[PDB]
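Each chain, written out:
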Amino acid sequence: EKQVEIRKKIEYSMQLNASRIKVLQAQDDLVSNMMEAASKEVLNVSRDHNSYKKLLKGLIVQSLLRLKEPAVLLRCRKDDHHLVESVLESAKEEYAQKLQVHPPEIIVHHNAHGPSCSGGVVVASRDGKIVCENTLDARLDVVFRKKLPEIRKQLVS
Amino acid sequence: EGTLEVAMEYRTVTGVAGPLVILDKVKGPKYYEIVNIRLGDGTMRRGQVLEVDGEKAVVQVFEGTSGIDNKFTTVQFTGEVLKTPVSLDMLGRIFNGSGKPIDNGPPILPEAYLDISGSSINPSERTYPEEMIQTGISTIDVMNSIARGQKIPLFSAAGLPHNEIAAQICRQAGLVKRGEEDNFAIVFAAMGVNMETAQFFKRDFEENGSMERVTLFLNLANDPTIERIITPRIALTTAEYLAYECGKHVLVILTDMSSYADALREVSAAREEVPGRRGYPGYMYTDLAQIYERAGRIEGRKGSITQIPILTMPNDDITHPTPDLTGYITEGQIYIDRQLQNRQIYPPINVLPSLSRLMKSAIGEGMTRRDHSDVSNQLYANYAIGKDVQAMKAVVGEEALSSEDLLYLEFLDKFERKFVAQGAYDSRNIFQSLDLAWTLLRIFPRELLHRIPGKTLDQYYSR
Amino acid sequence: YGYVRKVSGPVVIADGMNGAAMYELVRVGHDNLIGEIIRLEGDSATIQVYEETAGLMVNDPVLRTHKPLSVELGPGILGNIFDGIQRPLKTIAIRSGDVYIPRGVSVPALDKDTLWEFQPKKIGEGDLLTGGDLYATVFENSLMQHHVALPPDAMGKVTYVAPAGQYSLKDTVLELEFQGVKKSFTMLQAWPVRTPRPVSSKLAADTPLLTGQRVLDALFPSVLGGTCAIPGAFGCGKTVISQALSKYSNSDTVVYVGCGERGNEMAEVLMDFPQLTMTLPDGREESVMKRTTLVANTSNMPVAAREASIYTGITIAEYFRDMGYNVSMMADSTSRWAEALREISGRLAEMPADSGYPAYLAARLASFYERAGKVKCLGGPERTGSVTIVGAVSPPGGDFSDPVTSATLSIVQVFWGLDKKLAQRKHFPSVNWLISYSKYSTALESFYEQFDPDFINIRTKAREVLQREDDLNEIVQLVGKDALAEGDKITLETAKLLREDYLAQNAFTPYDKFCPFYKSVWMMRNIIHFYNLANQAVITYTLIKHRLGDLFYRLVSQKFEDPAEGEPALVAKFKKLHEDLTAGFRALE
Amino acid sequence: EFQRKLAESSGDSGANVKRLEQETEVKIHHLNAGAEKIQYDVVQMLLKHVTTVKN
């Protein structure tokens, strides 16, 4: 009986482990649903046109600054390709204002799929050796891991 | 908050040799920045940047350098040191050497990211270990005891049952209780074990019912060798989070400490560094210190980390560099005898080198008896004299053992027979064992005893 | 495209390989010399050419192969002879005519012109398939029906299924389309020597290996997928055990990897294996070489090929286990592989760790040993294979302190511990029962219990008797057998009988050539029962010796009892001998 | 002994397992309710950061 009741104890332990791991699986599924909702909302933001442009200009300026390259090769989605062609060298002028320098050459064209690209800019460098990738879809899921502890704090009950 | 930034993606790998990938034209590197290299085939692997110079950056990958092309592999700079997502939910699960889940469960939802290789506890803040631990083995609690915060390893050569001993200790572990929510939360590092031993550990922990409070960190030999070195770091990071920032006491177990040392020697030799003894890296004292010198009781918090590593004398020689550095750092040792194992003793602990440097504080008035120290001293000293008597008998003959030597030999024989031996699940409590310990001490004359005063044992009473 | 730039002995530096990968084989020069890319400094690479580098001229073209060191598997792998770098020696000799190995031979590993009878499975033409599916089966030969399977890491919707017909290796029989593209698959396939064959899940080792020798089968069982080490360097006893395995093992096939050993020993093995033939349960005769793949590597051969021969053989074994066949792989000399490793390390200026060995000896050796075990296959139908390694240790000087021996003992589960002293003691099995150990005894729980519930107790009693014997030897050397107690004298005599009859199996005689598990277990049971029934009698040791001499003769007759007399007949004879011993012990006492 | 032990064991462990499963289901339901409550707040905060760009 002593060596058999260990089997009952093992069964209880297995049941408890299965229950708690199922609970954790539900938690992770909720987290994944949150990520999917965030992606859908990011696409909805990408649907914007007018105010959506200023964010692209800011992305281009910050990428050019942090790259500090003399010539880059930027690629954009077909959606807002007119918008990026409109912003054009205004971002270069803004960068020259941020740091006194001669604006580099900017070249725009192939596009990724609309939903796949989800806007953003891939400024990159000459010969594509160095890439500063700033797609909003990629900008998200970078914020996600940073904010995950904050979310776990938010999930109190 | 300062605006976010997305990681740089480079492709300027300009030379590969050994386990090192050399980059160039890097804009703003960072020392020990974790990089996740993606090859041309699309597979990914990680690595550390061990040196930064100019625009160059030397990266030592994790999964090996095989199949890397100087014109198609892409390197990405996360811009941060290695961080393990420690959380309270990590209990009752298993992880690979790098910490990836392997328990067929979801990845850990972190409460907070904590950079591994954490800063040292302020030395002033650290406090001395004061409470004994009920490991569930007699011979450890009776003599060469353990304090809740004291580090002590298990010395055991190849082929010995030390892994089974570790499993028994982990399953039989518990506080003295002389509660359960803050009780021992065992973390079980596994640095380079065989697949059969890994299955042994998994089954033993799952069936034991202790899986409700135990986290494993399994790392097989088939895993990349560098991934072996970060394992006993991630394990200690999780232990620190659970003990100091979460409260519950932790009894960390490291297996195959020699395997970690081998992992260090291989990595250092790849790095082409200055060699210490036996070709081991010179700074191994520092890197064994960074592992060992973490267990302890911080004052501001009620947690406690206790360290019980297991070594393996390579040539069955305690003079090997790994046990030498360990014995320098680790505050005592428990020794396992091959000869006693040959004598068919399941717990083959050799008491002659088995000493606990913190046993003086483990004993006291809260626990043990007033004669515990004296009994330990006598049963630790007379054993050596009995061994010398046995040697003299061997080199001369049976008649050489005089009326005093014969008593020492009989004491040694009865000690090796009765006291040391124990059952595979024997929770022999301290008093019942100390009774027969004093019986062994009284096999020798009650007045011939030199070091002990008779009054100390006279405080105790036979029967 | 790509020209040599610096040719310094074994190492060759060539410009132009901007896209070459690390550890990618590459052909150098007109002679198509073979070398491995190790250092990719800048736009150039570094080629460690295996063969002799003499005669190379600068700007000799260097041709990339787009593939690491890989072995071409598939049907027809069995029977042939291959070098360390997967070169078919017999076909090389046939085609080249000359005896020597030409510098720059390019014979394909398997003859793609030979035709095999390909029989496809009933899988649908429009079905869906994934890696590891046993989509067909080809009759490469008799006794080794080659269950060809869809290549691992390939999943697709099948488009074409070839019918049952005679096809060449170059001929295509399979085509699949998971995505828009449709990719055709042939019967021949390739796999890197380093990366192990994918497995769905490693399995717990349960079924033992039956070597055919009573000592290993009984005292020190080795389970399917169990690592074994032999300390054999002289007397060819290791080769004797290898031949015994090849003839009588449970392994559906066997791979022998002879690396770095002397050339004459290789010739002896290459002439010995074809001579050996393995009897079927049906009783007819069939060559073992038809089911055996031999890989040979002499000292003259390039060192890198010798080092990689082990992974080549283990990858062949991995293919065999993945096709769902239990297989055994034998390494002729692990110490020779260690010597090859030290030579490579010296050539590469690695920092020595212990006695000249490179630091990474433990990692490589442990990985190679860990690539063997009972394995749940990939794909369907679900079947279980197993690779068990019996790699032999050859310590120089006979000292276990050698780093390779220590590492192996740390990794190996079963160490059969052959001793030259037993050969000097005229013991044909030459298996030192004491210094050898088995760590898989607990794995035999279910199997031994099902076969014989008391077999575990018998084995434990036999081990205890062996220990009592090794003690009583020096005890008698002290004063004599007379001073020993009557029960102790019986124990000593029964241990001597066990060593003389059960433990020592001649295997030269036809009756003792193969000892089955049933016969060995029954002999052990008879011996232990005779010893036990002699125990309670203590009666004078001399008196019991004279009165129970008939019982001792009957017990020794169990050794005379052989499977050559028939397994049921041998079992009946053993039962009768045990009954006679019991009657003699009970009636006299 | 054996009969009383088997009679006691037959059912109690299963009932305890069922109760544990029910409690786990209740906890999962509560967690899902909390996640549904916090979903849009979390989405807005994450969206704010990704939109948030300066310099």
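Residues numbered from 1 in each chain as written, not as in the entry; some residues may be left out. Chains lettered and ligands numbered in written order. Part of a larger assembly, values for the part shown. Heavy atoms only, no water. Residues with missing side-chain atoms left out of burial classes, pairs and counts.

- As stated in the entry header, the method of structure determination is cryo-EM and the reported resolution is 4.3 Å.

- According to the record, the entry carries the title "Citrus V-ATPase State 1, H in contact with subunits AB".
- Entered under Subunit (unreviewed entry) in the UniProt record, the comment concerning chain D runs "V-ATPase is a heteromultimeric enzyme made up of two complexes: the ATP-hydrolytic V1 complex and the proton translocation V0 complex." (UniProt positions renumbered as here; feature names shortened; annotations may be inferred.)

- As stated in UniProt under Function, the record for chain A gives "Subunit of the peripheral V1 complex of vacuolar ATPase essential for assembly or catalytic function. V-ATPase is responsible for acidifying a variety of intracellular compartments in eukaryotic cells (By similarity)."
- UniProt lists a comment for chain A under the heading Sequence similarities, and it reads "Belongs to the V-ATPase E subunit family."

1. Some details on the overall build of chain D
Link 1 in the chain: In terms of helices and strands, chain D carries one helix and zero strands.
Link 2 in the chain: Principal axes of the C-alpha set define a box for chain D whose edges measure 80 × 20 × 5 Å. (Helix = DSSP H or I, 4+ residues; strand = E, 2+ residues; numbered from the N terminus.)

2. Examining the overall build of chain A
Link 1 in the chain: When helices and strands are counted, chain A shows seven helices and four strands.
Link 2 in the chain: Reading chain A from its N end, one meets helices and strands in the order α-α-β-α-α-β-α-β-β-α-α.
Link 3 in the chain: Taken against the 2.2 N^0.38 rule, which gives 15 Å for 157 residues, the C-alpha radius of gyration of chain A at 24 Å runs more than 25% over that of a compact globule.
Link 4 in the chain: Summarising its shape, the C-alpha atoms of chain A cover approximately 85 × 30 × 30 Å along the three principal directions. (Rg over C-alpha atoms; globule rule 2.2 N^0.38 Å.)

3. Points about the interface of chain A and chain B
Link 1 in the chain: The interface of chain A with chain B comprises 29 residues on the first partner and 27 residues on the second.
Link 2 in the chain: Within the residue set of the side of chain A that touches chain B, elements represented by two or more residues are α1 (2-46), α2 (50-67), β4 (130-134), α6 (136-139) and α7 (143-154) of chain A.
Link 3 in the chain: The element best represented in the side of chain A that touches chain B is α1 of chain A, accounting for nine residues.
Link 4 in the chain: Of the residues assigned to the side of chain A that touches chain B, the class counts are 13 nonpolar, six polar and 10 charged.
Link 5 in the chain: Pairing analysis gives three bridges linking β4 of chain A to strand β1 (residues 8-10) of chain B, with the strands arranged antiparallel. Bridging across to β1 of chain B, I130 of chain A finds its partner in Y10 of chain B. (Contact = heavy atoms within 4.5 Å. Nonpolar A, V, L, I, M, F, W, Y, C, P; charged D, E, K, R; others polar. Pairing = 2+ DSSP bridges.)

4. Some thoughts on the sheet that holds strand β4 (residues 33-37) of chain C
Residue and element names in this part refer to chain C.
Link 1 in the chain: Taken in spatial order, the six strands make up an open sheet running β1-β2-β5-β4-β3-β6, and their pairing is antiparallel. For this open sheet the edge positions go to β1 (3-8) and β6 (62-64), each flanked by a neighbour on one side alone. Recorded for the sheet is a direction-independent mean angle of 35 degrees between the axes of neighbouring strands.
Link 2 in the chain: Pairing geometry for β1 and strand β2 (residues 11-15), over five bridges, is antiparallel. Within β2, the position partnered with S8 by the bridge is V11. (Axes fitted to C-alpha atoms, helices over the stretch in contact; angles between N-to-C directions.)

5. What about the pairing of strand β15 (residues 183-186) of chain C?
Residues and elements named next belong to chain C.
Link 1 in the chain: Across four bridges, strand β14 (residues 172-176) lies against β15 in antiparallel orientation. Paired with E175 across the two strands is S184, which belongs to β15.
Link 2 in the chain: In this antiparallel pair of consecutive strands, β14 and β15, the connection spans six residues.

6. Some details on the packing of helix α6 (residues 284-292) of chain B against helix α7 (residues 321-329) of chain B
Geometrically, a packed helix pair is captured by the angle between its two axes and the distance between the axes.
Residue and element names in this part refer to chain B.
Link 1 in the chain: As a packed pair, α6 and α7 sit with axes 10 Å apart at the nearest point and diverge in direction by 50 degrees. As far as their axial angle goes, α7 and α6 are oblique. The crossing of α6 and α7 is right-handed. Note on element contacts: α7 touches α6 through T322, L325, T326, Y328 and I329, opposite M284, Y285, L288, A289 and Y292.
Link 2 in the chain: Split into classes, the residues belonging to the contact of α6 with α7 amount to eight nonpolar, two polar and no charged. (Parallel < 35°, antiparallel > 145°, perpendicular 65-115°, else oblique. Left-handed = near helix turned anticlockwise from the far one by under 90°.)

7. Regarding unusual backbone geometry
The general pattern is negative phi for most residues beyond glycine and trans for most peptide bonds.
Link 1 in the chain: The peptide bond linking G380 of chain C to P381 of chain C adopts the cis configuration, its omega dihedral lying at 0 degrees.
Link 2 in the chain: Positionally, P381 of chain C belongs in the loop between β28 (374-376) and β29 (384-389).
Link 3 in the chain: A positive phi is found at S117 of chain B, a non-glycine position, where the angle reads about 60 degrees.
Link 4 in the chain: Structurally, the position occupied by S117 of chain B is in the loop between β9 (114-115) and β10 (126-127).

8. Here's the deal with the sheet that holds strand β9 (residues 115-120) of chain C
Residue and element names in this part refer to chain C.
Link 1 in the chain: As summarised here, the arrangement of the three strands in space is β11-β9-β13, forming an open sheet in which the pairing is antiparallel. Two strands lie at the open edges of the sheet, namely β11 (136-139) and β13 (165-168), each paired on one side alone. The mean inter-strand angle of the sheet, taken between neighbouring strand axes irrespective of direction, is 45 degrees.
Link 2 in the chain: As paired elements, β9 and β13 share four bridges and run antiparallel to each other. By the bridge assignment for β13, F118 is matched with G165.

9. What about helix α6 (residues 334-347) of chain C?
Link 1 in the chain: Counted at 1.5 Å a residue, the expected span for α6 of chain C with its 14 residues is 20 Å, and the 20 Å between its end C-alpha atoms agrees.
Link 2 in the chain: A349 of chain C sits one or two positions beyond α6 of chain C and adopts a positive phi of about 55 degrees. (Expected span 1.5 Å × (residues − 1).)

10. Let's talk about the arrangement of the chains
Link 1 in the chain: Summarising the chain contacts, four pairs of chains touch, and the pair with the most contacts is chains A and B.
Link 2 in the chain: Considering only C-alpha positions, the minimal separation of the non-contacting chain A and chain C is 14 Å.
Link 3 in the chain: At no point do chain C and chain D touch; the closest pair of C-alpha atoms across them sits 25 Å apart.

11. Side note on the environment of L176 of chain C
Residues and elements named next belong to chain C.
Link 1 in the chain: Take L176: it is sitting in strand β14.
Link 2 in the chain: Counting along the chain gives 15 residues from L176 to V161, while the straight-line C-alpha distance between them is 9.4 Å.
Link 3 in the chain: Ignoring any residue separated from it by four or fewer positions in sequence, one finds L176 in contact with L129, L150, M155, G156, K157, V158, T159, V181, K182, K183 and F185.

12. Thoughts on the packing of helix α10 (residues 372-396) of chain B against helix α11 (residues 405-419) of chain B
All names here are of chain B.
Link 1 in the chain: Following both chains from N to C, one finds α10 and α11 inclined at 115 degrees, their axes separated by 8 Å at the closest point. Relative to α11, the element α10 lies roughly perpendicular. Relative to α11, α10 is oriented so that their crossing is left-handed. Of the residues in α11, those in contact with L379, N382, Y383, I385, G386, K387, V389, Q390 and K393 of α10 are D405, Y408, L409, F411, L412 and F415.
Link 2 in the chain: Residue composition of the contact of α10 with α11, by class: nine nonpolar, three polar and three charged.

13. Notes on the pattern of salt bridges
Link 1 in the chain: Residues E1 of chain B and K146 of chain A are paired through a salt bridge, measuring 3.8 Å at the closest nitrogen-oxygen approach. On the criterion of chain membership, the pair formed by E1 of chain B in the segment before β1 and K146 of chain A in helix α7 is interchain, its members lying in two chains.
Link 2 in the chain: With its nearest N and O atoms 3.0 Å apart, the salt bridge here joins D287 of chain B to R233 of chain B. Highlighted residues: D287 of chain B in helix α6 and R233 of chain B in helix α4 (residues 227-243), separated in sequence by 54 residues. (Salt bridge = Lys/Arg side-chain N within 4 Å of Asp/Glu carboxyl O.)

14. What about the packing of aromatic side chains?
How two aromatic rings sit relative to each other is given by the distance of their centres and the angle of their planes.
Link 1 in the chain: Ring plane angle 25 degrees and centroid distance 6.0 Å describe the contact between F411 of chain B and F415 of chain B, whose orientation is recorded as stacked. Of this pair, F411 of chain B and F415 of chain B both sit in helix α11, four residues apart, roughly one helical turn.
Link 2 in the chain: Taken together, the aromatic side chains of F188, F200, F201 and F205 of chain B make up a single cluster linked through ring pairs.
Link 3 in the chain: We note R342 of chain C situated over the ring of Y357 of chain C; from NZ or CZ to the ring centre the distance is 4.1 Å. (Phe/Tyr/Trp six-rings, centres within 6.5 Å; stacked < 30°, edge-to-face > 60°. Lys NZ or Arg CZ within 6 Å of the ring centre and 35° of its normal.)

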